[PDB]
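Visitor: Here you go, this is coords.csv (CSV, C-alpha atoms and all ligand atoms).
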```csv
chain,number,residue,atom,x,y,z
A,1,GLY,CA,-2.3,-63.3,38.9
A,2,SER,CA,-2.8,-66.8,37.7
A,3,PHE,CA,-2.2,-68.4,41.2
A,4,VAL,CA,-5.1,-66.4,42.7
A,5,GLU,CA,-7.1,-69.4,44.0
A,6,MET,CA,-4.2,-70.4,46.2
A,7,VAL,CA,-4.0,-67.0,47.9
A,8,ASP,CA,-5.1,-67.0,51.6
A,9,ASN,CA,-5.4,-70.8,51.7
A,10,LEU,CA,-3.7,-70.9,55.2
A,11,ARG,CA,-5.3,-70.4,58.6
A,12,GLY,CA,-4.1,-70.7,62.2
A,13,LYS,CA,-3.9,-69.5,65.8
A,14,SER,CA,-0.9,-67.4,66.9
A,15,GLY,CA,2.0,-69.6,68.0
A,16,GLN,CA,0.0,-72.8,67.1
A,17,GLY,CA,0.9,-73.3,63.4
A,18,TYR,CA,-0.4,-72.6,59.9
A,19,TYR,CA,-2.6,-75.2,58.3
A,20,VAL,CA,-4.1,-75.9,54.9
A,21,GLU,CA,-7.1,-78.0,53.9
A,22,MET,CA,-6.3,-81.4,52.4
A,23,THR,CA,-8.9,-83.9,51.1
A,24,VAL,CA,-8.1,-87.5,51.6
A,25,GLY,CA,-9.8,-90.7,50.4
A,26,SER,CA,-13.0,-91.6,48.6
A,27,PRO,CA,-15.6,-90.4,49.3
A,28,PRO,CA,-13.8,-87.1,50.3
A,29,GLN,CA,-12.6,-86.5,53.9
A,30,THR,CA,-11.2,-83.0,54.4
A,31,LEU,CA,-8.9,-82.2,57.3
A,32,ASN,CA,-6.9,-79.2,58.5
A,33,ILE,CA,-3.2,-80.0,58.1
A,34,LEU,CA,-0.1,-78.3,59.6
A,35,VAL,CA,2.3,-77.0,56.9
A,36,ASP,CA,5.7,-78.1,58.2
A,37,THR,CA,8.9,-77.5,56.2
A,38,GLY,CA,10.8,-79.0,59.2
A,39,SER,CA,9.6,-82.6,58.7
A,40,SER,CA,8.9,-85.0,55.9
A,41,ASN,CA,5.9,-87.2,56.8
A,42,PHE,CA,2.3,-86.8,55.8
A,43,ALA,CA,0.4,-87.9,58.9
A,44,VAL,CA,-3.2,-87.5,60.1
A,45,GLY,CA,-5.2,-88.1,63.3
A,46,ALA,CA,-7.1,-91.3,62.6
A,47,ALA,CA,-8.7,-92.1,65.9
A,48,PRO,CA,-10.6,-89.9,68.5
A,49,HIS,CA,-8.5,-87.6,70.6
A,50,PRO,CA,-9.6,-84.9,73.1
A,51,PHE,CA,-8.0,-82.1,71.0
A,52,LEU,CA,-9.4,-83.2,67.6
A,53,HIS,CA,-12.7,-82.0,66.1
A,54,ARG,CA,-12.4,-84.5,63.3
A,55,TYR,CA,-10.2,-87.4,62.1
A,56,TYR,CA,-9.4,-89.7,59.2
A,57,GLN,CA,-11.6,-92.9,59.0
A,58,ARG,CA,-9.8,-95.4,56.8
A,59,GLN,CA,-12.7,-97.9,56.9
A,60,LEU,CA,-14.9,-95.3,55.1
A,61,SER,CA,-12.3,-94.8,52.3
A,62,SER,CA,-12.5,-97.2,49.4
A,63,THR,CA,-9.2,-96.1,47.9
A,64,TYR,CA,-7.2,-96.5,51.2
A,65,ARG,CA,-4.5,-99.2,50.9
A,66,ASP,CA,-2.8,-100.5,54.1
A,67,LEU,CA,1.0,-100.7,53.8
A,68,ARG,CA,1.0,-103.1,56.7
A,69,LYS,CA,3.9,-101.4,58.5
A,70,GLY,CA,3.8,-99.3,61.7
A,71,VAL,CA,5.4,-95.8,61.9
A,72,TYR,CA,6.6,-93.9,64.9
A,73,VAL,CA,7.8,-90.2,65.1
A,74,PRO,CA,9.9,-89.3,68.2
A,75,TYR,CA,10.4,-85.9,69.8
A,76,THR,CA,11.9,-84.0,72.8
A,77,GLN,CA,9.0,-83.9,74.3
A,78,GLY,CA,6.3,-86.3,73.1
A,79,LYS,CA,5.7,-88.6,70.1
A,80,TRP,CA,3.1,-90.2,67.8
A,81,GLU,CA,2.5,-93.7,66.5
A,82,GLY,CA,0.5,-95.0,63.6
A,83,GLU,CA,-0.1,-97.2,60.6
A,84,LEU,CA,1.3,-96.6,57.1
A,85,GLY,CA,-0.9,-96.7,54.0
A,86,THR,CA,-1.6,-94.8,50.8
A,87,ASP,CA,-4.7,-92.9,49.7
A,88,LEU,CA,-5.8,-90.3,47.2
A,89,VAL,CA,-5.0,-86.8,48.3
A,90,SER,CA,-5.9,-83.4,46.9
A,91,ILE,CA,-5.6,-79.8,48.2
A,92,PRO,CA,-8.8,-78.0,47.3
A,93,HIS,CA,-7.2,-74.5,47.5
A,94,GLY,CA,-3.8,-75.7,46.1
A,95,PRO,CA,-2.9,-77.4,42.8
A,96,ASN,CA,-5.5,-78.8,40.5
A,97,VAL,CA,-4.3,-82.4,40.9
A,98,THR,CA,-5.0,-85.6,42.9
A,99,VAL,CA,-2.1,-87.9,43.8
A,100,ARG,CA,-1.7,-91.3,45.6
A,101,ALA,CA,0.4,-90.3,48.6
A,102,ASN,CA,1.9,-92.1,51.6
A,103,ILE,CA,-0.2,-91.4,54.7
A,104,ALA,CA,0.5,-92.2,58.3
A,105,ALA,CA,-2.7,-92.9,60.2
A,106,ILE,CA,-2.0,-91.6,63.8
A,107,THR,CA,-3.7,-93.9,66.4
A,108,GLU,CA,-1.9,-92.8,69.5
A,109,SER,CA,0.1,-89.7,70.4
A,110,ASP,CA,1.8,-87.8,73.3
A,111,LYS,CA,1.9,-84.0,73.3
A,112,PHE,CA,1.6,-83.8,69.5
A,113,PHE,CA,-1.9,-82.4,69.0
A,114,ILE,CA,-2.3,-78.9,70.4
A,115,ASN,CA,-5.5,-77.9,72.2
A,116,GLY,CA,-7.3,-75.3,70.1
A,117,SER,CA,-4.9,-75.3,67.2
A,118,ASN,CA,-7.7,-76.5,64.8
A,119,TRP,CA,-5.2,-78.8,62.9
A,120,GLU,CA,-5.7,-82.5,62.7
A,121,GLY,CA,-2.6,-83.6,60.9
A,122,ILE,CA,0.8,-82.6,59.6
A,123,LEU,CA,2.2,-82.1,56.1
A,124,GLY,CA,6.0,-82.8,56.1
A,125,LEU,CA,7.4,-80.7,53.2
A,126,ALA,CA,11.1,-81.5,53.7
A,127,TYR,CA,13.1,-84.3,52.0
A,128,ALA,CA,13.0,-88.1,52.3
A,129,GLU,CA,16.3,-88.2,54.2
A,130,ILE,CA,14.5,-87.3,57.4
A,131,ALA,CA,11.3,-89.3,56.8
A,132,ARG,CA,10.2,-92.0,59.2
A,133,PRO,CA,10.6,-95.0,59.4
A,134,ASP,CA,13.3,-94.2,56.8
A,135,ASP,CA,14.1,-92.5,53.5
A,136,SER,CA,12.2,-95.1,51.4
A,137,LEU,CA,9.0,-93.5,52.5
A,138,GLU,CA,8.3,-90.9,49.7
A,139,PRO,CA,7.2,-87.5,51.1
A,140,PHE,CA,4.0,-86.0,49.8
A,141,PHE,CA,5.7,-83.3,47.7
A,142,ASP,CA,8.0,-85.9,46.0
A,143,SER,CA,4.8,-87.9,45.1
A,144,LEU,CA,3.2,-84.7,43.7
A,145,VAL,CA,6.2,-83.9,41.5
A,146,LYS,CA,6.6,-87.5,40.3
A,147,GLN,CA,2.9,-88.0,39.5
A,148,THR,CA,1.9,-84.6,38.0
A,149,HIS,CA,3.4,-81.7,36.0
A,150,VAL,CA,3.3,-79.3,38.9
A,151,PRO,CA,6.7,-77.6,39.0
A,152,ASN,CA,9.1,-78.6,41.8
A,153,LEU,CA,8.6,-75.4,43.8
A,154,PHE,CA,6.4,-74.0,46.6
A,155,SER,CA,6.2,-70.7,48.3
A,156,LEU,CA,5.0,-69.5,51.7
A,157,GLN,CA,3.5,-66.2,52.8
A,158,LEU,CA,2.9,-66.5,56.5
A,159,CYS,CA,1.0,-63.5,57.9
A,160,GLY,CA,1.3,-63.1,61.7
A,161,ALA,CA,-1.1,-61.4,64.1
A,173,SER,CA,-5.9,-65.7,64.5
A,174,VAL,CA,-3.6,-65.9,61.6
A,175,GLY,CA,-3.7,-66.3,57.8
A,176,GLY,CA,-1.4,-66.8,54.8
A,177,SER,CA,-0.7,-68.4,51.4
A,178,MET,CA,1.0,-71.6,50.2
A,179,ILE,CA,1.5,-71.3,46.5
A,180,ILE,CA,2.2,-74.7,45.0
A,181,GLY,CA,4.0,-74.9,41.7
A,182,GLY,CA,5.0,-71.2,41.4
A,183,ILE,CA,5.5,-67.7,42.7
A,184,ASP,CA,2.6,-65.1,43.2
A,185,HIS,CA,4.0,-61.6,42.5
A,186,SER,CA,1.2,-60.0,44.5
A,187,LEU,CA,2.5,-61.6,47.7
A,188,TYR,CA,5.8,-59.7,47.7
A,189,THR,CA,7.4,-56.3,47.1
A,190,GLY,CA,11.0,-55.6,45.8
A,191,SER,CA,13.3,-58.4,44.8
A,192,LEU,CA,13.7,-62.0,45.7
A,193,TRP,CA,17.1,-62.9,47.1
A,194,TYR,CA,18.2,-66.6,47.0
A,195,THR,CA,20.4,-68.6,49.4
A,196,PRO,CA,21.5,-72.1,48.4
A,197,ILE,CA,19.9,-75.2,50.0
A,198,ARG,CA,23.2,-76.7,51.4
A,199,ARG,CA,21.8,-80.2,51.5
A,200,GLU,CA,18.4,-81.8,50.8
A,201,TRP,CA,17.3,-83.2,54.1
A,202,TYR,CA,16.0,-80.3,56.2
A,203,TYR,CA,15.8,-77.1,54.2
A,204,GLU,CA,19.4,-76.3,55.3
A,205,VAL,CA,20.9,-72.8,54.7
A,206,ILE,CA,24.1,-71.0,55.7
A,207,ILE,CA,24.0,-67.9,58.0
A,208,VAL,CA,27.2,-65.8,57.5
A,209,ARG,CA,26.7,-62.8,59.8
A,210,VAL,CA,24.4,-61.6,62.5
A,211,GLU,CA,23.7,-57.9,63.4
A,212,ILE,CA,21.7,-56.3,66.2
A,213,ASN,CA,20.7,-52.8,65.3
A,214,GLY,CA,23.4,-52.8,62.5
A,215,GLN,CA,26.0,-54.0,65.1
A,216,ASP,CA,27.9,-57.2,64.2
A,217,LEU,CA,27.6,-59.9,66.9
A,218,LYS,CA,31.2,-60.7,66.0
A,219,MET,CA,31.1,-64.5,66.6
A,220,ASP,CA,32.9,-67.0,64.4
A,221,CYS,CA,30.3,-67.7,61.7
A,222,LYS,CA,30.7,-71.5,62.3
A,223,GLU,CA,28.8,-71.0,65.5
A,224,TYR,CA,25.7,-69.6,63.7
A,225,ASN,CA,25.4,-72.9,61.8
A,226,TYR,CA,26.4,-75.4,64.5
A,227,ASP,CA,25.3,-78.0,63.8
A,228,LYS,CA,22.9,-76.8,61.1
A,229,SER,CA,20.6,-73.8,60.2
A,230,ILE,CA,17.2,-74.7,58.8
A,231,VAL,CA,14.1,-72.9,57.5
A,232,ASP,CA,11.2,-74.4,59.4
A,233,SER,CA,7.6,-73.2,59.0
A,234,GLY,CA,6.4,-75.5,61.8
A,235,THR,CA,8.6,-74.0,64.5
A,236,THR,CA,7.3,-70.8,66.2
A,237,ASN,CA,10.6,-69.3,67.3
A,238,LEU,CA,13.9,-68.1,66.0
A,239,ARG,CA,15.9,-70.8,67.8
A,240,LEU,CA,19.7,-70.2,68.2
A,241,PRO,CA,22.6,-72.4,69.4
A,242,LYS,CA,23.4,-71.8,73.1
A,243,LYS,CA,26.5,-69.6,72.5
A,244,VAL,CA,24.7,-67.6,69.8
A,245,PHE,CA,21.6,-67.2,71.9
A,246,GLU,CA,23.6,-65.8,74.9
A,247,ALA,CA,25.5,-63.3,72.8
A,248,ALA,CA,22.3,-62.3,71.0
A,249,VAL,CA,20.4,-61.8,74.2
A,250,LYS,CA,23.3,-59.7,75.7
A,251,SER,CA,23.3,-57.5,72.7
A,252,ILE,CA,19.5,-57.2,72.5
A,253,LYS,CA,19.4,-56.2,76.2
A,254,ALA,CA,22.0,-53.5,75.8
A,255,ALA,CA,20.2,-52.2,72.7
A,256,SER,CA,16.8,-52.0,74.5
A,257,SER,CA,18.1,-50.5,77.7
A,258,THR,CA,15.6,-47.5,77.8
A,259,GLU,CA,13.5,-50.1,79.7
A,260,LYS,CA,14.5,-52.9,82.0
A,261,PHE,CA,13.1,-56.5,81.8
A,262,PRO,CA,13.4,-59.5,84.1
A,263,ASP,CA,16.1,-62.1,83.2
A,264,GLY,CA,13.4,-64.7,82.7
A,265,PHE,CA,11.7,-62.7,80.0
A,266,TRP,CA,14.7,-63.3,77.7
A,267,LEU,CA,14.5,-67.0,78.7
A,268,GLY,CA,10.8,-67.3,77.8
A,269,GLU,CA,9.9,-68.0,81.4
A,270,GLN,CA,8.3,-64.6,82.0
A,271,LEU,CA,5.9,-62.5,79.9
A,272,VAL,CA,5.5,-58.7,79.8
A,273,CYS,CA,2.2,-57.0,79.0
A,274,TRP,CA,1.4,-53.5,77.9
A,275,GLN,CA,-1.9,-51.5,77.9
A,276,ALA,CA,-3.7,-51.9,74.5
A,277,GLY,CA,-1.6,-50.3,71.8
A,278,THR,CA,1.2,-48.9,74.0
A,279,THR,CA,3.9,-51.5,73.2
A,280,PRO,CA,7.1,-49.4,72.7
A,281,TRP,CA,8.3,-51.2,69.6
A,282,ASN,CA,10.8,-48.4,69.0
A,283,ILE,CA,12.8,-49.3,72.1
A,284,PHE,CA,13.7,-52.8,70.7
A,285,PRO,CA,16.4,-53.4,68.1
A,286,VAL,CA,16.1,-54.8,64.6
A,287,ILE,CA,17.9,-58.1,63.9
A,288,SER,CA,19.7,-58.8,60.7
A,289,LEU,CA,20.6,-62.3,59.5
A,290,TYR,CA,23.0,-62.4,56.5
A,291,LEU,CA,22.6,-65.5,54.3
A,292,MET,CA,25.0,-66.9,51.8
A,293,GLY,CA,24.2,-65.8,48.2
A,294,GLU,CA,24.3,-67.5,44.9
A,295,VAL,CA,27.6,-65.8,43.7
A,296,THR,CA,31.1,-66.2,45.2
A,297,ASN,CA,31.7,-63.8,48.1
A,298,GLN,CA,28.2,-62.4,47.8
A,299,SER,CA,25.5,-62.3,50.5
A,300,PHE,CA,22.2,-60.6,51.4
A,301,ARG,CA,20.5,-59.8,54.6
A,302,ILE,CA,17.0,-60.3,56.0
A,303,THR,CA,16.0,-57.8,58.8
A,304,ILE,CA,13.3,-58.6,61.3
A,305,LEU,CA,11.4,-56.2,63.6
A,306,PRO,CA,10.5,-56.6,67.3
A,307,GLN,CA,6.9,-57.1,66.0
A,308,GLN,CA,8.3,-60.4,64.7
A,309,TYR,CA,10.3,-61.7,67.6
A,310,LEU,CA,7.9,-60.5,70.3
A,311,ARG,CA,4.8,-62.7,70.1
A,312,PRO,CA,1.4,-61.9,71.4
A,313,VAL,CA,0.3,-64.7,73.8
A,319,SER,CA,-8.2,-57.9,78.9
A,320,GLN,CA,-7.0,-54.4,78.1
A,321,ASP,CA,-3.4,-55.7,78.2
A,322,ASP,CA,-1.3,-57.1,75.3
A,323,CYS,CA,1.0,-59.9,76.6
A,324,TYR,CA,4.2,-60.8,74.8
A,325,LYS,CA,6.6,-63.7,74.8
A,326,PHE,CA,10.2,-63.2,73.7
A,327,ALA,CA,10.3,-65.6,70.7
A,328,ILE,CA,14.0,-66.1,70.3
A,329,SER,CA,15.1,-69.2,72.1
A,330,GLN,CA,17.9,-71.6,72.8
A,331,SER,CA,18.6,-74.7,70.7
A,332,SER,CA,21.0,-77.6,70.9
A,333,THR,CA,20.3,-78.8,67.4
A,334,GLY,CA,21.3,-75.7,65.4
A,335,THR,CA,19.6,-72.5,64.3
A,336,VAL,CA,15.9,-72.8,63.4
A,337,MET,CA,14.5,-70.0,61.4
A,338,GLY,CA,10.8,-70.5,62.4
A,339,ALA,CA,7.6,-68.5,61.8
A,340,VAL,CA,9.2,-65.5,63.7
A,341,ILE,CA,11.6,-65.2,60.8
A,342,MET,CA,9.2,-66.3,58.0
A,343,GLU,CA,6.4,-63.9,58.9
A,344,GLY,CA,8.3,-60.9,57.7
A,345,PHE,CA,8.8,-62.4,54.2
A,346,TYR,CA,7.5,-64.2,51.1
A,347,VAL,CA,9.6,-67.4,51.2
A,348,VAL,CA,10.3,-69.4,48.1
A,349,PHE,CA,11.2,-73.1,48.4
A,350,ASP,CA,12.7,-73.5,45.0
A,351,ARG,CA,13.5,-77.2,45.1
A,352,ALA,CA,14.0,-77.4,41.3
A,353,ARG,CA,17.1,-75.1,41.7
A,354,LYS,CA,18.2,-76.1,45.2
A,355,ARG,CA,17.6,-72.6,46.6
A,356,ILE,CA,15.5,-70.6,49.0
A,357,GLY,CA,14.3,-67.1,48.1
A,358,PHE,CA,13.3,-64.3,50.5
A,359,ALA,CA,11.4,-61.1,49.7
A,360,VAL,CA,9.6,-58.5,51.7
A,361,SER,CA,6.0,-59.7,52.3
A,362,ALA,CA,3.0,-57.9,51.0
A,363,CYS,CA,1.4,-58.7,54.4
A,364,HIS,CA,4.4,-57.5,56.3
A,365,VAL,CA,3.3,-56.3,59.9
A,366,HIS,CA,5.3,-53.1,60.6
A,367,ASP,CA,5.1,-49.6,62.1
A,368,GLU,CA,5.7,-46.1,60.6
A,369,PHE,CA,9.4,-45.8,61.5
A,370,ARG,CA,10.8,-49.2,60.5
A,371,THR,CA,10.1,-52.1,58.1
A,372,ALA,CA,11.3,-55.6,57.6
A,373,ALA,CA,13.8,-55.8,54.8
A,374,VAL,CA,15.6,-58.0,52.3
A,375,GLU,CA,18.7,-56.2,51.1
A,376,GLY,CA,21.9,-56.8,49.1
A,377,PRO,CA,24.3,-57.6,47.7
A,378,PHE,CA,27.0,-57.5,50.4
A,379,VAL,CA,30.6,-58.7,50.2
A,380,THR,CA,31.3,-61.5,52.6
A,381,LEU,CA,34.5,-63.5,52.2
A,382,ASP,CA,35.2,-67.1,53.3
A,383,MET,CA,31.5,-68.0,53.6
A,384,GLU,CA,32.3,-71.6,52.8
A,385,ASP,CA,34.1,-71.7,56.2
A,386,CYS,CA,30.7,-71.1,57.9
A,387,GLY,CA,29.2,-74.5,57.4
A,388,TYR,CA,29.2,-77.5,59.7
A,389,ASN,CA,30.8,-80.8,58.6
B,1,LIG,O1,10.6,-81.3,64.6
B,1,LIG,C1,9.5,-81.5,64.2
B,1,LIG,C2,8.7,-80.4,63.6
B,1,LIG,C3,9.5,-79.6,62.6
B,1,LIG,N1,8.9,-78.3,62.5
B,1,LIG,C4,8.0,-78.1,63.6
B,1,LIG,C5,8.1,-79.3,64.6
B,1,LIG,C6,9.2,-79.0,65.7
B,1,LIG,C7,8.6,-78.4,67.0
B,1,LIG,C8,7.7,-79.4,67.6
B,1,LIG,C9,6.6,-79.7,66.6
B,1,LIG,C10,5.4,-80.0,67.2
B,1,LIG,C11,4.2,-80.4,66.3
B,1,LIG,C12,4.4,-80.4,65.0
B,1,LIG,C13,5.7,-80.0,64.4
B,1,LIG,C14,6.8,-79.7,65.1
B,1,LIG,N2,8.9,-82.8,64.2
B,1,LIG,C15,7.6,-83.1,63.7
B,1,LIG,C16,6.7,-83.4,64.9
B,1,LIG,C17,7.5,-83.7,66.1
B,1,LIG,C18,6.7,-84.2,67.3
B,1,LIG,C19,6.4,-83.3,68.3
B,1,LIG,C20,5.6,-83.7,69.4
B,1,LIG,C21,5.2,-85.0,69.5
B,1,LIG,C22,5.5,-85.9,68.5
B,1,LIG,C23,6.2,-85.5,67.4
B,1,LIG,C24,8.8,-84.6,65.8
B,1,LIG,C25,9.7,-83.9,64.8
B,1,LIG,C26,10.5,-84.7,63.8
B,1,LIG,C27,11.0,-84.1,62.6
B,1,LIG,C28,11.8,-84.7,61.7
B,1,LIG,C29,12.1,-86.0,61.9
B,1,LIG,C30,11.7,-86.7,63.0
B,1,LIG,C31,10.9,-86.0,64.0
```
When written as structure tokens, how does the structure in this file appear?

Guide:
Amino acid sequence: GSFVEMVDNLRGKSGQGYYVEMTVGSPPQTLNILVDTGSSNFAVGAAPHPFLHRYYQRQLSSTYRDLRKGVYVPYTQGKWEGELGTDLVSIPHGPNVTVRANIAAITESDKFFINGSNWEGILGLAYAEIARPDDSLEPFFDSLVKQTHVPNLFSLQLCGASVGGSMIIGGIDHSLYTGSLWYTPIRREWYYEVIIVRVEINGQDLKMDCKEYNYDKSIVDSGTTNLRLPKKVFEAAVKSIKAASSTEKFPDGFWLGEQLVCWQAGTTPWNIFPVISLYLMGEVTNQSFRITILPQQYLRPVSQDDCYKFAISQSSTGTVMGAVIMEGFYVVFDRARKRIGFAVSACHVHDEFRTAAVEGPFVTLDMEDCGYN
């Protein structure tokens, strides 16, 4: 394929995020940068920090322009602060272009950088609406599309377990997937917001009002590890997953992520755990499709023992389809056509009895009733 040089341009550690090399300034300064479809700022470590091997040195970059305004990104659960500027940015294993992008130079942070993650910054790939300090700060990808002829599309193949993957910028690599691509509309351009219309555990409908699946939003977020579900959905899903996997018993805290369970090397009974199906709104009236994930996806590896964390968790800010979901699939962020495509990944981690799937079409009525207003 023509996109060959962008294949396998992602690295990472399990549960710690996928990152791509980005080259900033003049002369060149290359950093490892977290690929995050759940935020909208391009920001880099710019001062020494215990968890950073390298950082951005603005004084050494002749093309760096100070924007003379501070920037702060808040969280649950930590934060970072820095200075706004612009500089020249290229992706050596991405598109053959160089753009002047907004860059936040991180000078202080709390619980942002992860010990041993090997990334030194973050690439916010979502829309300007959620950018800090506000929506006037053009996100990187917006700059890329405005300044170059790179098509308004990227795609992600995240390969789970030391992890790897591909970010194809400007197109779709057909070697990265099998079968067909199925598209769900981007409801609104802020986060990558989608609509979930039905949930099944081992083919059994969870039978909740579909509004609950998308309260108060459902997003596709490459920077979040887990499948995160609204409290009511989480509880019903856990109750159903428990009942489906009853050939073995697990402590209550396992389902809450407070306890881990370990198996002797290569003896994890994947077969005892159910498959989970998320149905997404399709592109045609009353039409949906489903993506199916294996226990290999939602049980994350954390001696001769393999330890696993239950990687479905509770959320009070909507559903978050994180890496747990994305790792089964080749995921197309077709910004040009306001839609997200899903196909079975060529690097899909499966066993000999079951496989991750993207299947359709299905008939689902009143799907418009499922969205939060
Ligand atoms: O939710 C996120 C991202 C979205 N995907 C992964 C995320 C979610 C899970 C946590 C996390 C951790 C590291 C990197 C990414 C992410 N944010 C970016 C960084 C985050 C932050 C975290 C810790 C300290 C300071 C800032 C603030 C937030 C944010 C997003 C959008 C607007 C404002 C803030």

Visitor: Ranking A:79, A:250, A:68, A:301 by minimum distance to residue 376 (chain A) and counting only C-alpha atoms, which one comes first?

Guide: A:301

Visitor: Could you report the residues within 6 Å of ligand LIG 1 (chain B), using all atoms listed in the file, as a ChimeraX atom specification?

Guide: /A:36,38-39,73-75,77-80,110-112,130,232,234-235

Visitor: Tell me which of A:330, A:30, A:118, A:186 sits closest to residue 6 (chain A), counting all atoms listed in the file.

Guide: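 When distances to residue 6 (chain A) are compared using all atoms listed in the file, the smallest one comes from A:186.
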
Visitor: Between A:208, A:126, A:187, A:247, which residue has the minimum interatomic distance to residue 229 (chain A), considering only C-alpha atoms?

Guide: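 The shortest atom-to-atom distance to residue 229 (chain A) comes from A:208.
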
Visitor: One decimal, in Å: what's the spacing between CA of residue 331 (chain A) and CA of residue 241 (chain A)?

Guide: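 Calculated distance between CA of residue 331 (chain A) and CA of residue 241 (chain A) is 4.8 Å.
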
Visitor: Between A:102, A:256, A:389, A:297, which is the closest to residue 226 (chain A) once you count only C-alpha atoms?

Guide: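 Of A:102, A:256, A:389, A:297, the one nearest residue 226 (chain A), counting only C-alpha atoms, is A:389.
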
Visitor: Which is closer to residue 25 (chain A) than all the others in A:100, A:69, A:325, A:260, using all atoms listed in the file?

Guide: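 Among A:100, A:69, A:325, A:260, it is A:100 that comes nearest to residue 25 (chain A).
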
Visitor: Determine the nearest neighbour of residue 228 (chain A) from the options A:285, A:211, A:333, A:137, counting all atoms listed in the file.

Guide: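 Checking each of A:285, A:211, A:333, A:137 against residue 228 (chain A), counting all atoms listed in the file, the winner is A:333.
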
Visitor: What separation in Å, quoted to one decimal, exists between CA of residue 158 (chain A) and CA of residue 345 (chain A)?

Guide: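 Taking CA of residue 158 (chain A) as the start and CA of residue 345 (chain A) as the end point, the length is 7.5 Å.
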
Visitor: Neighbouring residues of residue 98 (chain A) were defined as those with any atom within 7 Å, considering all atoms listed in the file; residues of the same chain fewer than 6 positions away were excluded. Please report them as an mmCIF file with C-alpha atoms, keeping the file's coordinate frame.

Guide:
```
data_model
loop_
_atom_site.group_PDB
_atom_site.id
_atom_site.type_symbol
_atom_site.label_atom_id
_atom_site.label_comp_id
_atom_site.auth_asym_id
_atom_site.auth_seq_id
_atom_site.Cartn_x
_atom_site.Cartn_y
_atom_site.Cartn_z
ATOM 1 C CA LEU A 88 -5.800 -90.300 47.200
ATOM 2 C CA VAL A 89 -5.000 -86.800 48.300
ATOM 3 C CA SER A 90 -5.900 -83.400 46.900
#
```

Visitor: Show me the residues around (16.2, -87.6, 52.9) - criterion: an atom at most 10 Å away, all atoms listed in the file counted - as a list in words.

Guide: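 The answer, in the requested form, is residues 40, 126, 127, 128, 129, 130, 131, 132, 134, 135, 136, 137, 138, 139, 199, 200, 201 and 202 of chain A.
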
Visitor: Taking (-7.7, -68.0, 42.6) in the coordinates of the supplied file, I want to know which residues reach to within 12 Å of it, counting only C-alpha atoms; could you give the answer as a ChimeraX atom specification?

Guide: /A:1-9,92-96,177,179,184

Visitor: Residues within 10 Å of residue 12 (chain A), please, as an mmCIF file with C-alpha atoms, keeping the file's coordinate frame. Count all atoms listed in the file; anything in the same chain fewer than 6 positions from it doesn't count.

Guide:
```
data_model
loop_
_atom_site.group_PDB
_atom_site.id
_atom_site.type_symbol
_atom_site.label_atom_id
_atom_site.label_comp_id
_atom_site.auth_asym_id
_atom_site.auth_seq_id
_atom_site.Cartn_x
_atom_site.Cartn_y
_atom_site.Cartn_z
ATOM 1 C CA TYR A 18 -0.400 -72.600 59.900
ATOM 2 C CA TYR A 19 -2.600 -75.200 58.300
ATOM 3 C CA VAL A 20 -4.100 -75.900 54.900
ATOM 4 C CA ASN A 32 -6.900 -79.200 58.500
ATOM 5 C CA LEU A 34 -0.100 -78.300 59.600
ATOM 6 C CA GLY A 116 -7.300 -75.300 70.100
ATOM 7 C CA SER A 117 -4.900 -75.300 67.200
ATOM 8 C CA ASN A 118 -7.700 -76.500 64.800
ATOM 9 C CA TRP A 119 -5.200 -78.800 62.900
ATOM 10 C CA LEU A 158 2.900 -66.500 56.500
ATOM 11 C CA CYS A 159 1.000 -63.500 57.900
ATOM 12 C CA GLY A 160 1.300 -63.100 61.700
ATOM 13 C CA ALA A 161 -1.100 -61.400 64.100
ATOM 14 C CA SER A 173 -5.900 -65.700 64.500
ATOM 15 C CA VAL A 174 -3.600 -65.900 61.600
ATOM 16 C CA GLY A 175 -3.700 -66.300 57.800
ATOM 17 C CA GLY A 176 -1.400 -66.800 54.800
#
```

Visitor: Kindly reconstruct region 229-233 of chain A with N, CA, C and O atoms and present the result as a compact mmCIF listing (two decimals), in the frame of the given file.

Guide:
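Saved as part.txt:
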```txt
# COMPACT_ATOMS: atom_id res chain seq x y z
N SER A 229 21.63 -74.88 60.21
CA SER A 229 20.60 -73.80 60.20
C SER A 229 19.55 -74.27 59.21
O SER A 229 19.88 -74.63 58.09
N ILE A 230 18.28 -74.23 59.61
CA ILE A 230 17.20 -74.70 58.80
C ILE A 230 16.07 -73.67 58.68
O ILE A 230 15.97 -72.81 59.55
N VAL A 231 15.27 -73.73 57.62
CA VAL A 231 14.10 -72.90 57.50
C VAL A 231 12.89 -73.81 57.79
O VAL A 231 12.69 -74.81 57.09
N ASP A 232 12.15 -73.49 58.85
CA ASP A 232 11.20 -74.40 59.40
C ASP A 232 9.85 -73.67 59.72
O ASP A 232 9.72 -73.02 60.77
N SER A 233 8.88 -73.80 58.82
CA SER A 233 7.60 -73.20 59.00
C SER A 233 6.75 -73.71 60.16
O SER A 233 5.81 -73.06 60.61
```
